[PDB]
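Note that we place each Cβ from the backbone using ideal geometry, even for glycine, and neighbour counts take in every protein chain shown. Coordinate-derived values only; no laboratory data.
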Amino acid sequence: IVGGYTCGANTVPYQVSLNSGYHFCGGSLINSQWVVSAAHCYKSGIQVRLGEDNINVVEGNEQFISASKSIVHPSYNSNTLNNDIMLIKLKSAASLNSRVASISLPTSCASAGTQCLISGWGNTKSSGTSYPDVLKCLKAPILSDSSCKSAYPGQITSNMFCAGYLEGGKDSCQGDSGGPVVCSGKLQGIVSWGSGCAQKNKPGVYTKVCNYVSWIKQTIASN
Amino acid sequence: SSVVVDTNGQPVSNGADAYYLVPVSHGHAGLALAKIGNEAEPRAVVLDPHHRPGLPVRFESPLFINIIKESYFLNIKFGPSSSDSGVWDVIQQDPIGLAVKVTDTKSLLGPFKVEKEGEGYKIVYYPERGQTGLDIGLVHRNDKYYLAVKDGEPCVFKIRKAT
């Protein structure tokens, strides 16, 4: 997150880290035993940290639970980046507290111009790299699909939306992939991709979660 | 689709870090620029026996992740991360053929992938994302190995972080 702020302990309790000896992706806790992240974050034997705000501390009201299942969307299109959604079943339900709680799935799709909260531990610089210790946060509005397809000719599918600033300054960045985009208290997006970080006319692209709730609910039902 | 790994067993970063490509078949060879055809300025990407450990590259993906998977379509570039010079592409040019060259623009998604090959990695060029790959190898011409499409005959690299 570039141009963001320190979230605070307790501020984003549905944020998780995907870990395999190091942090590589954000995720979203959607119930005590189910996490959403990006299909492009898929990795063998992922371990989920929950209740972490400082990513470089070994204790602090935290939980470290192995994936029992990592289920990428069966239409995940690694050529087009389409259907960039993954569900992780945890091996055991998380214990809930001030720093660990679920986000809910949206009733309906969020409309262009709605303000959202994006969070993660990715790079905080536009040119160079600075990784934060603490979770960072950004309020980013949703852009029209015409604005989005314009920014990225040929690449914006129906299962993607753009959020952020075509003016520059503020965006997701490397290491934020798979993290939450929350609008009106619902998970509307998953951090996917963009041309650089915080550049003019090059906003963030997010997986449109409202399109996937039937699948998620059905995948939870059956697994 | 595994994670690309440097020689110290660390995942290769998305743009943050530069890496020497180290051939395992040409100890004295390193990456550099050469002229091709009629060009005043060197724009073709060569291995030079006269030049180890080489000019370093960055592997760049639009995905908001700081690891590179063998499955990610990449931009490969000489020079600084954000900058838009030294971006690799393939150009049909004599006397070399489908030559790896540098240019001043960048696409959203590069045409290159890094792939496990026997004991190391090869660069694979994809003319389009749906299609199978063309291994990058070497054309020995005028005393140097120009990188170029030679499918079935890849050049094998280890990826040493420049540090």
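For A:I220, put the label point 7 Å out on the Cα→Cβ axis and report which residues of the stretch A:1-43 keep their amide N under 11 Å from it. The answer is A:29-36.
Under 8 Å for C-alpha pairs, at least 6 residues apart: give me the relative contact order for the stretch A:53-141, rounded to a whole percent.
Working: 96 pairs, mean separation 24.4, N = 89.
Taking the mean separation of contacting Cα pairs over the length of the stretch A:53-141, I get 27 percent.
Sites listed here are GluC sites (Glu not before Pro) in the stretch B:55-145 whose DSSP assignment is loop and whose Cβ has at most 11 other Cβ atoms within 10 Å: B:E119, B:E128.
Filter the cross-link list A:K125/A:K149; B:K113/B:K158; A:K136/B:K77 down to pairs whose alpha-carbon distance in this structure exceeds 19 Å. Mind showing how you got there, number by number?
Working: A:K125/A:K149 25 Å; B:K113/B:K158 14 Å; A:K136/B:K77 30 Å.
Check vs 19 Å cut-off fails for A:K125/A:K149; A:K136/B:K77.
The charge dipole of the stretch A:21-84, taken about its Cα centre with unit charges on the Cβ atoms of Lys, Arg (+1), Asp and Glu (-1) only, comes to about 280 debye.
Across peptide B:65-76, the average count of Cβ atoms from other chains found within 10 Å of a residue's Cβ is 4. Within the listed set B:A40, B:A99, B:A18, the residue fluctuating most in the Gaussian network model of chain B (springs between alpha-carbon atoms under 10 angstrom) is B:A40.
With a ≥ b ≥ c taken as the square roots of the eigenvalues of the C-alpha gyration tensor of the stretch B:13-60, please select rounded if a/c is under 1.5 and otherwise prolate if a/b is larger than b/c or oblate if it is not?
Values: a/c = 2.96, a/b = 1.29, b/c = 2.30.
In terms of gyration-tensor shape, oblate.
Rounded to the nearest whole Hz, the Karplus-based 3J(HN,Hα) values (6.51 cos²θ - 1.76 cosθ + 1.60, θ = phi - 60°) of the stretch A:37-50 follow the sequence 8, 8, 4, 6, 7, 4, 7, 6, x, 3, 10, 8, 8, 10, with x at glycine and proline. Two numbers describe the Cα atoms of the protein assembly as shown: Rg and Dmax, which are 21.5, 69 Å. Computed 3J(HN,Hα) for the stretch A:153-170, one whole-Hz value per residue from the Karplus formula 6.51 cos²θ - 1.76 cosθ + 1.60 where θ = phi - 60°, is x, x, 9, 6, 8, 6, 9, 10, 9, 9, 10, x, 10, 5, 6, x, x, 9, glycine and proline marked x. Annotation for B:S82 and B:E119: the two label points, set 7 Å from Cα along the Cα-Cβ direction, are 4.1 nm apart. Counting, for every residue in B:51-64, the Cβ atoms of other protein chains within 10 Å of its Cβ and taking the mean gives 4.
Could you tell me the ratio Rg/Rh of chain A? Both radii from Cα atoms, Rh via Kirkwood. It would help to have the intermediate numbers written out before the result.
Numbers: Rg = 15.9 Å, Rh = 17.0 Å.
Ratio of gyration radius to Kirkwood radius: 0.93.
Highest GNM mean-square fluctuation among B:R141, B:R52, B:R43, for chain B modelled with Cα contacts below 10 Å: B:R141. Gain on full extension, evaluated as 0.36 nm per residue between A:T6 and A:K91 minus their Cα-Cα distance, stands at 27.6 nm.
With a/c under 1.5 counting as rounded, go ahead and sort the stretch A:101-223 into rounded, prolate or oblate using the C-alpha gyration tensor (a ≥ b ≥ c being the square roots of the eigenvalues; past the cut-off, prolate if a/b is larger than b/c, else oblate). Write down the numbers at each step before the final one.
On the way: a/c = 1.88, a/b = 1.30, b/c = 1.44.
Since a/c reaches 1.5 but b/c is at least a/b, the shape of the stretch A:101-223 is classed as oblate.
Roughly how many Å is it from the Cα centre of the stretch A:26-58 to that of the stretch A:72-125, as a whole number? The stretch A:26-58 and the stretch A:72-125 have Cα centres spaced 10 Å from each other.
Pairs of alpha-carbon atoms within less than 8 angstrom and 6+ residues apart define the contacts here; what relative contact order does chain A have, in percent? Let's see the in-between values first.
Working: 582 pairs, mean separation 53.4, N = 223.
Relative contact order of chain A: 24 percent.
Here the Kirkwood formula puts the hydrodynamic radius of chain B at 15.6 Å, using every distinct Cα pair.
Quick one: among A:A67, A:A38, A:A163, which has the greatest mean-square fluctuation in a GNM of chain A with alpha-carbon springs under 10 angstrom? Ranking A:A67, A:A38, A:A163 by mean-square fluctuation puts A:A67 first. In order along the stretch A:185-201, the phi-based Karplus estimate (6.51 cos²θ - 1.76 cosθ + 1.60, θ = phi - 60°) of 3J(HN,Hα) comes to x, 10, 6, 9, x, 10, 4, 10, 6, x, 7, x, 10, 6, 7, 4, 6 Hz; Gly and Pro are listed as x.
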